[PDB]
Amino acid sequence: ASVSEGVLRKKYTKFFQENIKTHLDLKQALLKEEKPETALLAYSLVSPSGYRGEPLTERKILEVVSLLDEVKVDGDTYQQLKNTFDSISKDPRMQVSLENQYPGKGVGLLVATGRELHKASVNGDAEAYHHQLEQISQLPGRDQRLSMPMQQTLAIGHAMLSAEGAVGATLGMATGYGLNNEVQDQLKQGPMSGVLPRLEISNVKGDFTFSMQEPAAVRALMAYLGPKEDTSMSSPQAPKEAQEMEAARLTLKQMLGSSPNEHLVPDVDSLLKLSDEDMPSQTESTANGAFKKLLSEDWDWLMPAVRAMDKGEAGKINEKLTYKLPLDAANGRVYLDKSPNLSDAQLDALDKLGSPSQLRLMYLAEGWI
Amino acid sequence: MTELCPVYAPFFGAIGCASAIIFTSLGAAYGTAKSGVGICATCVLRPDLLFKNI
């Protein structure tokens with residue numbers, strides 16, 4: 001109802017037939033019709049980074065992200081995303097989020113193997129947590145333009161880190177490469193992520209440009225959309241620079257599904273505790289322990305529990321999820337059942353959350369709650 | 001040593017002392033295993049007959 005991609009490289013193959021290797025003199029070749037003002041909008045994805053600081057300026061995936069930037073039918077939903085990005089790119093608060101995920105821009109064989117079997121299992125769980133999360137935003141009431149490609153990027157990024165865990169554990173066990181490029185070529189097959197705008201950054205440290213199909217720029221965008229608004233920056237008392245970067249911030253936080261009351265501060269650190277005043281308020285702390293139970297009790301229970309909660313029917317969770325599996329016993333097949341044993345205390349806490357925001361479920365899939 | 005008491009003489013005593021506990025342990029293990037499978041198949045329906053069937 002909100003997203004429909006394709007993989008037809010033969011419908012518009014004239015843009016990829018000749019050896020076009022120049023960012024300049026490509027807008028005339030990208031017109032190709034009697035439409036001019038809307039063919040420049042698909043060129044706006046690569047145009048601020050089309051000259052400054054890039055190698056060879058036309059990599060073979062930079063055209064398919066610009067060809068399949070389908071603005072031909074609809075020119076409203078992508079323009080709203082383009083009016084919001086580069087309006088979000090003004091405060092240092094987005095920029096300090098784009099510096100935490102980055103740098104500056106014998107018995108010892110049993111230990112080093114276990115450090116990389118832990119890496120292959122954490123990233124194998126977290127990749128599965130985004131596959132059952134791209135079918136929660138398939139349910140009615142959600143949206144798919146911002147929710148789908150944001151978490152399709154992360155599921156590709158966890159599939160590569162999980163592959164590097166046990167390829168490294170194999171080459172260390174069989175000793176005490178070309179396999180990482182074979183799996184990198186394999187995960188680009190099949191579908192591909194929807195096009196989001198470019199998120200250029202210009203400041204006193206230079207003029208930077210990130211990609212938003214990188215798993216580290218996605219991971220810093222959702223950390224920006226976390227915290228609630230304050231008493232400042234949205235009142236008309238301060239018309240200075242705030243209302244064009246705060247209403248652009250809240251129109252993405254609502255676009256996931258998070259109301260401006262919802263706080264959602266991250267957790268990962270090297271410290272013991274986080275703080276005192278930004279703590280979850282024991283109604284969602286009881287509820288976050290119920291969602292973690294649904295992630296780690298079955299591979300298929302998070303989607304029909306959110307579906308049962310959008311209808312306001314979050315008290316029938318113990319009965320709508322029960323199903324029966326067989327068991328060979330000493331008396332025969334018995335057909336016992338598996339139910340999520342949600343207690344009444346955390347079944348009540350799922351009621352006071354009206355619907356889980358998509359931003360809350362994506363912090364949960366990254367281990368930030 | 002002696003013709004009545006040769007040197008290979010404790011071999012038969014050690015083999016007998018081993019074989020006693022070996023074959024009685026095999027018999028006890030078969031009895032325990034078969035009867036325990038019978039108890040665990042029975043006492044799903046009658047758990048009150050569990051300590052009677054031991």
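Throughout what follows, the structure given in this document is the object of discussion.

Thresholds applied
Residues numbered from 1 in each chain as written, not as in the entry; some residues may be left out. Chains lettered and ligands numbered in written order. Part of a larger assembly, values for the part shown. Heavy atoms only, no water. Residues with missing side-chain atoms left out of burial classes, pairs and counts. Patch = residues over 30% accessible without salt bridge, like charges linked within 9 Å, V, L, I, M, F, W, Y side chains within 5 Å. Areas by Shrake-Rupley, 256 points an atom, 1.4 Å probe, with all protein chains shown as cover. Salt bridge = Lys/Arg side-chain N within 4 Å of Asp/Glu carboxyl O. Helix = DSSP H or I, 4+ residues; strand = E, 2+ residues; numbered from the N terminus. Disulfide = S-S within 2.5 Å. Buried < 20%, exposed > 50% of the residue type's maximum accessible area, 1.4 Å probe, protein only. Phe/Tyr/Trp six-rings, centres within 6.5 Å; stacked < 30°, edge-to-face > 60°. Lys NZ or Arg CZ within 6 Å of the ring centre and 35° of its normal. Contact = heavy atoms within 4.5 Å. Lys, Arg positive; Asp, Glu negative; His and termini not counted. Polar contact = N/O pair within 3.5 Å; in protein donor to acceptor, adjacent residues only side chain to side chain. 1 Å grid on protein atoms, 1.4 Å probe; cavity = no way out; pocket = protein on both sides within 12 Å on 5 of 7 lines; lining within 4 Å. Points joined across faces, edges and corners; volume = space filled by probe spheres on them. Nonpolar A, V, L, I, M, F, W, Y, C, P; charged D, E, K, R; others polar.

### Brief notes about a nonpolar patch on the surface
Together, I21, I22, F23 and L26 of chain B line one region of the surface with nonpolar side chains, adding up to about 440 Å² of accessible area. Within the secondary structure, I22 of chain B sits in helix α1 (residues 10-42).

### Brief notes about the state of the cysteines
Residue and element names in this part refer to chain B. Applying the stated criterion across every chain yields a total of 0 disulfides over all chains. This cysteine, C17, is not joined by any disulfide, and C5 carries the nearest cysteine sulfur, 19 Å off. Looking at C17, the relative accessible area reads 60%, which means it is exposed.

### Side note on the packing of aromatic side chains
Here a ring pair, both rings aromatic, is described through the centre-centre distance and the interplanar angle of the planes. All names here are of chain A. Summed over all chains, the structure comprises 4 aromatic pairs over all chains. Seen in terms of ring centroids, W301 and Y323 are 6.5 Å apart; in terms of plane orientation they differ by 75°. Their pairing is edge-to-face. Of the two residues, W301 is situated in the loop between α11 (284-295) and α12 (303-310) and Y323 in strand β3 (residues 323-325); the sequence distance between them amounts to 22 residues. Of note, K105 hangs over the ring of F208, and the distance from its end group to the ring centre comes to 5.3 Å. Of note, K338 hangs over the ring of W301, and the distance from its end group to the ring centre comes to 5.6 Å.

### So, α12 of chain A
Residues and elements named next belong to chain A. Within α12, 6 of the 8 residues are buried, which leaves the element mostly enclosed by the surrounding structure. All of the buried residues in α12 are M303, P304, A305, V306, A308 and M309. Contact partners of the buried residues in α12: α11, α13 (317-320), α14 (344-352) and α15 (358-364). The first or second residue beyond α12 is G312, which carries a positive phi of 75°.

### A few points about the side chain of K253 of chain A
All names here are of chain A. Position of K253 among the secondary structure elements: in helix α10 (residues 243-256). Buried and unpaired, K253 has no salt bridge, with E262 as the nearest side chain of opposite charge at 6.6 Å. Within the structure, the side chain of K253 is placed 3.1 Å from the backbone oxygen of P227, a separation counted as a polar contact. In this view, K253 contacts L225, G226, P227, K228, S258, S259, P260 and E262; residues no more than four positions away in its chain are not counted.

### Description of empty space enclosed by the protein
Residues and elements named next belong to chain A. By volume, the largest cavity is sized at about 110 Å³. Contributing to the lining of the largest cavity are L45, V65, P149, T153, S193, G194, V195, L196, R198, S211, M212 and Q213. Classifying every residue of the lining of the largest cavity by side-chain character gives 6 nonpolar, 5 polar and 1 charged. What the second largest cavity holds in volume is close to 50 Å³. As for the second largest cavity, its lining consists of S44, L45, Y78, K82, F85, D86, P197, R198 and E200. Across the lining of the second largest cavity, the residue classes tally to 4 nonpolar, 1 polar and 4 charged.

### Considerations on the pattern of salt bridges
Residue and element names in this part refer to chain A. The final tally for this structure, using the stated rule, is 9 salt bridges over all chains. In this structure, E246 and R249 form a salt bridge, with 4.0 Å as the shortest nitrogen-oxygen distance. In this pair, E246 and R249 both sit in helix α10, 3 residues apart, roughly one turn of the helix. Note on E246: relative accessible area 4%, which makes it buried.

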